[PDB]
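Below you'll find only one chain, the form deposited in one PDB entry, shown as structure tokens.
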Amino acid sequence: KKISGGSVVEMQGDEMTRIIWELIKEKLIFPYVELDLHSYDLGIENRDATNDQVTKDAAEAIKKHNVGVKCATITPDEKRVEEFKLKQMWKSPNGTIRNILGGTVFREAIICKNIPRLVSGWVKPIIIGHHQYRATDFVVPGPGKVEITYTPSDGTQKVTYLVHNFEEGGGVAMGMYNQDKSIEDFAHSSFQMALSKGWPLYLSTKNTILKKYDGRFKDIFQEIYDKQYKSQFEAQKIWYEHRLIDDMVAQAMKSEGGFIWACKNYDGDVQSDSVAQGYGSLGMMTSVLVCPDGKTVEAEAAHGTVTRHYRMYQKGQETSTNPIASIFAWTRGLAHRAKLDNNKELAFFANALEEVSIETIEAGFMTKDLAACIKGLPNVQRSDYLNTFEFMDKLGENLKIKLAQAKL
């Protein structure tokens, strides 16, 4: 009866998202899909006990099965250690996975006709790809010479570059780098994303300023395009072009959306996440780690565990947490699984669940944050929204009807 799903590496998480995650599987995934699930408990109470081995095991499993779906997890800080009696302030589970699997992170917001966009003209989502987190910075305490050097590993002559001669007083200095392989893995991930979506791709740099550094990004993309993708792109009526960041900002805002934007100097936490957080649309933002093979993906919600809401849930208070970015972690993983397995039944299910989600909201049934995008952050009434469990139920009902009406 159920749809064959195939091999999927699941990762359980923490707090409010963990609550939502189970509701998704129980009400939206499992009644219709039978999966070869390879579940890992990346909850903090199990990550500490297993000495963050569950995190390492989860990562190797995604490499093996090619499809990973991750719940949001608590990234440990000093204050969290007192709450769980933590044996160590462990690494970020996402940092660990990214270091193991590699690849480019692509962000995408979920668009609904009745939910205003920051730029009203955006009817189709904009997808942003990006690799200062690698920088080595320090204080210069007084006069002296700061130099940056390259020492070949083969014993040949080191090359010296003067950064600055501080004649009077001190200041600050830093060194940054990028590996050709990382730039190549980013070009491949971006060209494959544009083909898998049927949208054009743009790369933005400041190669007029950082002529060598950014010039290398522009040349690598172009080299990979012309030799491995130009024909495949031209046979989909789409394209690839390099843009200076200034022209790209303006172009993006005058656009209708529906393009891929490979952004070199990009701070996703700020330019996407913080803007989304301030706009009140974090619950509608998705993230997908796309490895250079074109086979390995790890899909997740761009947001965190939603701690504030989880506390109200513990304190017996009613919550209205948006589950869409969480559902879309599942739908994006299942869509990629279907692509690999040539599974038309699974490809349809992933498509139908995304549509039910968009359609329910468009029909007037939504969580508090979505109601706030319409009415204004402080202007929501209880009658404007459905709570966490109420919304999941409405999605469930609409998913049933939609799947029954599709046979014909």
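Start at 1 with the first residue shown and count on from there.
Note that the form deposited in another entry isn't included here; everything after this is about it.
Splitting the chain into two rigid parts for the change between this form and the one not shown, with each C-alpha assigned to the part whose superposition fits it better, puts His188 and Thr360 in separate parts. Cα-Cα spacing of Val297 to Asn265 is reduced in the other entry versus the present form (difference of at least 3 Å). Annotation for the pair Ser326/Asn265: C-alpha atoms approach each other in the other entry, by 3 Å or more compared with this form.
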